[PDB]
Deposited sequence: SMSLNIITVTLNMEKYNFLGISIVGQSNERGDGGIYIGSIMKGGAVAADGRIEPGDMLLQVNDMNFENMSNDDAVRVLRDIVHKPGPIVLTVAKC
């Protein structure tokens, strides 16, 4: 079968300074507020504004404070595997 609303997106940051997304926290509680020009995410094209960020390289964002999720994502930015939920 095919995963419909949970999708895996691989990004290679060797070519990009930044992800080019604004991440907001409101669990599914972290999501994409905007996608910016010139970043790894826009280049890939699969992630959309409003998608929820579930996982980055087997780190799950649930039970994570806001500072903690930034520090984690910061350190990670090898290939980056993002798991996002469309709904």
Please list, in sequence order, every stretch of the deposited sequence that lacks C-alpha coordinates.
-> 27-31, 83-85
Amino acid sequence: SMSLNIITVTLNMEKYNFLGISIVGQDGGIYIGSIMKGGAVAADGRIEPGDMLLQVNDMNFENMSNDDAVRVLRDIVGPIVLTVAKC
From here on, numbers count along this sequence of modelled residues.
Averaging only over Cα atoms, indicate whether 13-21 or 61-69 has the higher B-factor in the PDB entry.
-> 61-69
Using only the Cα atoms and their B-factors as the entry lists them, report which of 48-56 and 27-35 averages higher.
-> 27-35
